[PDB]
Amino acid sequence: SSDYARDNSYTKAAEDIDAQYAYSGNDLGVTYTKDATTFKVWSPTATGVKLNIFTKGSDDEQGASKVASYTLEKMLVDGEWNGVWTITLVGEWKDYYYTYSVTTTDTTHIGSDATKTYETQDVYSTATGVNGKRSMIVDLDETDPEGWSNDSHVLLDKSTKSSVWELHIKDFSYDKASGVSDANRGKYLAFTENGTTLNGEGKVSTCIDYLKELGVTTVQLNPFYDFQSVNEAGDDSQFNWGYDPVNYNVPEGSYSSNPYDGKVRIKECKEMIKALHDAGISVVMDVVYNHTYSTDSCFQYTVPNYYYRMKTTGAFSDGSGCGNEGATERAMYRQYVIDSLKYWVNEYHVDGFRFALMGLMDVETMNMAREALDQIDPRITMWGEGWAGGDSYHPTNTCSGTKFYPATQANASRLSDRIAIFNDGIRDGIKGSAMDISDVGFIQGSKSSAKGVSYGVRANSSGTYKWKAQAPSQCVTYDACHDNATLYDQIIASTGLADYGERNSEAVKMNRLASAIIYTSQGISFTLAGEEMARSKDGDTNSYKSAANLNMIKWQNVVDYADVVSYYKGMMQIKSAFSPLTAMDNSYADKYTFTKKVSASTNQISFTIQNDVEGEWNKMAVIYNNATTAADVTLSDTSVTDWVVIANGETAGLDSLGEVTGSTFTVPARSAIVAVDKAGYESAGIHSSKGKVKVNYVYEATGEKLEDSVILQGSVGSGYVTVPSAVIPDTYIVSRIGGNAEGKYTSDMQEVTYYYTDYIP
């Protein structure tokens, strides 16, 4: 998978088009007023453009008809054409649908009568009907929900303070146990529902209330731009991630209550974002400018062979692996992408972007995009995949006359340090190769996978292993995303400890260890939505068009893995409390002291971090143990000999779990230790405001434990639900319960004992 600079008649032509016709004007699309509406289409290849007006978005709908057709005239400046077609219809034209008929040549046959006519929606569509075939004239202020003018961006001071929850809108609430109303399940409006509980039983929180409690800073949403792969008129059981773009600046219709009325999806999309903002959560949008679903697109139908990268042979370059790739190096696609980003930020109050196959997008465009978004607010986050999905064929230079560079990991040094790149280094290091679900990483016991973790600990910004980030700010730290297998599915497949979606005590230990690594590592901490509750896709390693009920978040898991949720919740608090871990720059690189060589093949990774921030802990000690037995780990750094443990295999948080004197720590099997200096802990005054519930499993006759006790942890006053241990053999059954199996967290710890007796199933 490589990139190749090849100049040819298509690239030659497109460059000449940019020289003459490039339009920096800021009014492409509809310019609606109550008095009149002006339409504008950029097409230097066209000989004529007609405007077609309709009553409805599709012909099937009630009262569907065509109002009239009009002819656009060339926009002349001092009797010179600037490449833009225009027309102004005087009167009220809101809530009417429209589409252009573009008679045009290709880029390499301008001036000839080798023309074709295509019917297409507006390239700069702000709204469309069902299945995005017809554009809609809309007053955008009519789509504003209640108090939208009072809705601000939710931005982090530092991107490296984030905790990203990568979520699909359908997956969020499609499960009936979500407790979300019948109308809104798997829809935009699901986010607006406060007070949702598991099976609406009013005992444990789900959806938005669950996120408030978990304490995630950021929700990254899978494509909610308009895509092809769901029929918006069809059945509700349809599923797709939606990496199949059609209209870039239009919400997806499937996630709305009514896709036929183009305004409805816009309103409900804003209500989703307002809800997340009101919950104090930042919203990142997954964007896919790297390709469109088909070359039968609004871009091609307007200006054929301009917007896509063309090979010498006339074939579309297939760098995406999806049939085409967007020519970001072109003047009017660069501008489109940058204008698109600004639109979503300004109109929909989007706080950041995850760029799909950023490696197919040229570095200059990305830095220009960073600079443009900086003008709004530099806290607006940017990150993406620093790779392609195939071979890419591009021109030597951009439309600026600077050399084309793809925004890959290899070219991280040429890319803004506030455009982060997914660190597959630490990903593969933690839980094994993402390309093979059965492959083992560090947590399953791979010693050679340790170096991947150790380099990931400093966001692959200290030394070089596979790739190098400029700083932690340019690194997304993660163990799994929507692609490939979930963390827990890979744990299961690679070990064979149980079936997919089945709880196993050793698997959970490995899951907890992954948590400890992610939140004692530098960079932008990132997880798949439900990693904290051992999310499973039943071994599906590419669930892009798999069943909806397979993909959906199983909300029963907030109870079944409540202890795992509690662990992540605590680990998150540790990172947010300790500044070195959330550093943007390389200030703390030389403050790390690894016990063993960073590249060591080892069962036990350990290091200390010297802090310099007053009012915080002075020094943190982190140990990862992947051995099946407990290990005594002696730190090479002996400067501190008085420690307070704030994380172990049982729990993580801001509270003391015991003290250690000296430089040696006994680390349990398949577990992490996080400790901080005694003096620092005492002075800083960083303490937990969360309650705890200890769950025990005892054989009543002997009084002996059948399974290790676990810890739940949550806000004082918030509801918890405990359950019997799923892994205890079927020859025992619960006979009696001590303490409150269900209740609210208190400041003082509560205990729940499940008393077991002999059983024969």
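Note that residue numbering follows the sequence shown and begins at 1.
- As the entry records it, the average C-alpha temperature factor is higher for 112-120, out of 644-652 and 112-120.
- Averaged over CA atoms, B-factors in the entry run higher in 339-347 than in the other of 339-347 and 505-513.
- Across the residues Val622, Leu72, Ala412, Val154, the deposited record lists the maximum Cα B factor for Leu72.
- Ranking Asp236, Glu616, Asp563, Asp489 by Cα temperature factor from the entry places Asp236 first.
- The deposited CA B-factor of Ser709 belongs to the lowest third of values across its chain.
- Placement of the Cα temperature factor of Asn367 within the chain: lowest third of the modelled residues, per the deposited record.
- The PDB entry assigns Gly321 a C-alpha temperature factor belonging to the middle third of its chain's modelled residues.
- Per-chain ranking of the deposited C-alpha B factor places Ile518 in the lowest third.
- Annotation for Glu682: CA B-factor lies in the highest third of the chain's modelled residues.
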